[PDB]
Amino acid sequence: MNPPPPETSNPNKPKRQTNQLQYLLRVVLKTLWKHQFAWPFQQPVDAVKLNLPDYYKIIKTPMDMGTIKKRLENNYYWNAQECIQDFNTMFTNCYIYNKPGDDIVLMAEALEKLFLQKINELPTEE
Ligand SMILES: CC(=O)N1CCc2c(sc3nc(SCC(=O)Nc4cccnc4C)n(Cc4ccco4)c(=O)c23)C1
């Protein structure tokens, strides 16, 4: 079975709108989301449909861009670092679970390179 996905809203978790979080949705997430390599990362890993019975025995902090997108759209994050951490968790999980040099890793590596380039250009808080 798959676990429940990571939450994307929480009525008790404070929220605000900041220009850095606006940038993470409009520039960073959008650039990665539309990239030709985005698709394996656009939703939680479906260990059932993908026949990966050991995925959630190895990965206990799953994360994916579908979750990140919803968190941004739902004002789930208070700050940019929370979102950056989620992207990093996504990439790290990929590099832990998959064999080095596999295509999925090369795909993540290409997305991470773009990610780091866009994060280097994070605007200062207004
Ligand atoms: C984010 C992330 O880490 N994941 C989500 C996406 C993903 C995996 S693992 C995986 N395998 C395939 S291939 C079928 C397979 O080999 N399953 C399998 C069975 C028994 C043992 N190990 C394996 C791998 N495909 C389809 C595909 C896309 C390009 C190449 O292949 C995938 O999208 C994924 C994990």
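Taken together, the values in this text are just the output of simple stated rules run on the coordinates, not laboratory data. Here Cβ is always computed from backbone atoms with ideal geometry, including for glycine, and neighbour counts include all displayed protein chains.
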Gaussian network model of the chain, springs between alpha carbon atoms under 10 Å - residue of 89, 61, 18 with greatest fluctuation: 61
Amide N proximity, region 1-30 versus residue 82 label position 7 Å along Cα-to-Cβ, cut-off under 16 Å: 6-25
Selection from 120, 2, 17, by position along the positive dipole direction of the chain (Cβ): 17
Sparse-neighbour loop sites [GluC sites (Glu not before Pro); region 1-109; at most 12 other C-beta within 10 Å; DSSP]: 7
Nearby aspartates and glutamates by direct alpha-carbon distance to residue 15 (threshold 18 angstrom, same-chain neighbours under 8 apart not counted): 7, 73, 82, 86, 125, 126
Cα centroid separation, region 91-126 to region 24-53 (Å): 12
Ordering of 37-43, 119-125 by burial proxy (mean other Cβ atoms within 10 Å per residue, highest first): 37-43, 119-125
Three-way shape call for the chain based on the alpha-carbon gyration tensor, with the a/c threshold at 1.5: oblate
Among the listed pairs 13/60; 60/118; 13/118; 34/69, those beyond 18 Å (Cα-Cα): 13/60; 60/118; 13/118
